[PDB]
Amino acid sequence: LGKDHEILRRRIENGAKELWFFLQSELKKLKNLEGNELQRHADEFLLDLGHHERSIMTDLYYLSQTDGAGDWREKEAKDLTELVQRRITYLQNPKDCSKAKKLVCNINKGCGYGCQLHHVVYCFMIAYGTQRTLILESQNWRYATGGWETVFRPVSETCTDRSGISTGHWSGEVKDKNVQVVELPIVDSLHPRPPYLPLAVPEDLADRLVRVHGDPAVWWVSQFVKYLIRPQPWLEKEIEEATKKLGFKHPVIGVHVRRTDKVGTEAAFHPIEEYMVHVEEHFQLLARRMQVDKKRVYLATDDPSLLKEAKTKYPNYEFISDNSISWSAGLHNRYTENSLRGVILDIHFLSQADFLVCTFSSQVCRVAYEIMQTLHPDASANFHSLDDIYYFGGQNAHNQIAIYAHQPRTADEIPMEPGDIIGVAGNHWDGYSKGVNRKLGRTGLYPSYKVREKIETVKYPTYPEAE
């Protein structure tokens, strides 16, 4: 047993006990306050609590690193990524393209870049599950009509041809077993659905992923994002130069403020303050474990007026942003190579940040969070979403398991017993989540701490010939 592990475990324990002592005492006083005295005392209470909570979180961070846990988690996440990229690379590069089984994906989904890239991700995972080489058709891509290879490497070096002695539209892995070339539709219309879909992870990796990562579902998705966005030389250089021209250095927190056409249809308008309270909380947390010279935000937004508002409102922050990129994102110019490369850079710099604050309703932020998983052993928690939890559009049902019983106080709450399967719809970031107790057929609110994530697995191929 390690001395620092044991000291830290006890300090976390004691810090939580003193937090409970503190709460009881202060809440008892609050009960006897009125008017402004109550609001003064409640605000001072919350200030004191935040620092206290962060001390506990900081000690838990240190506990994650003791006794070589940091070096090990890093080495094991490296091996898991090398192994999956090895297998993906093997599947995508057969010797004989003319005889290879293939899956054809068309990039041209009626949506934006994040949605299109996630369509390709979904095609790829199904290609990997069916041992079919992914063929990406990208001519007339609305963002770059020359296609994918305008920015990214081709998804194969040996097999980009879709020819085959037999071709058909997806009808299921069993029916298609002797169809050499299968055309896959968008997940929104896929029938029948195979099991090679999020949020499940490969059976053969599940136990190693749980040791390392707090949301293996995202890690698994992130491996296909990693392979897809391998840059062309010139895109690599453009990112290196942008990194230099902008002052992009750590520590930095990425903020994605999505507006324009999203507002009303798929998400709400969120004022800048809703993002920056979390940014400030997380610089306060970082400052407890490292020197913070200056507070840097990398701001990606499709509102080109925001940067001036943010700078004015938060003068102690250094905002790193390319406002011309933000202009490029207006619908007058969104579907152009100029705008495409802008969102690719914005996503890259969000992904590279130390923490991410955004709306997960936006595919852009999700892509950045997915990529972030490839830059750390476990970045599963390095985010705040103002609205949705992580999801992958088209995923199978995201179920939780109740670990503690719940008795509803209001009719907006659902009851739970341990073992009950809970279909989560969201976390409200207030202590409560929303979902359906599938056992009871009842939908409503439940305390987020009383459930556990249900990791789902699938028997994927293991590509042993890749070793």
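By rigid core we mean the largest C-alpha set that fits within 1.5 Å across both forms. When you see a residue number, it is the position in the sequence shown, counting from 1.
Relative to the displayed structure, the C-alphas of 28-36 lie farther away on average in 6 other deposited structures of this protein than those of the other candidate, with 28-36 and 417-425 compared after rigid core superposition. Fitting each structure in 6 other deposited structures of this protein onto the rigid core and averaging C-alpha distances over structures and residues, 141-149 emerges as the more displaced of 124-132 and 141-149. In the record comparison, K244 is modelled in each of the other entries of this protein that model the residues flanking it, with no third of them omitting it. Looking at the other PDB entries for this protein, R259 is present in the model in all of those that include the residues around it, rather than absent from a third.
Of the two stretches examined, 329-337 and 173-181, the record assigns the greater average C-alpha temperature factor to 173-181.
Just going by the entry, 420-428 versus 26-34 on mean CA temperature factor gives the higher value to 26-34. The maximum CA B-factor among the listed residues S351, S222, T160, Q363, taken from the PDB record, is found at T160. Each of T145, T89, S385, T374 has a CA temperature factor in the record; the biggest one is found at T89. When the modelled residues of the chain are ordered by their C-alpha B factor, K434 lands in the middle third. Remark: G444 belongs to the middle third of its chain, ranked by C-alpha B-factor as recorded.
Placement of the Cα temperature factor of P271 within the chain: middle third of the modelled residues, per the deposited record. In the PDB entry, a CA B factor belonging to the lowest third of its chain's modelled residues is recorded for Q395.
Among all modelled residues in this chain, the alpha-carbon of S380 has a temperature factor (C-alpha) in the lowest third.
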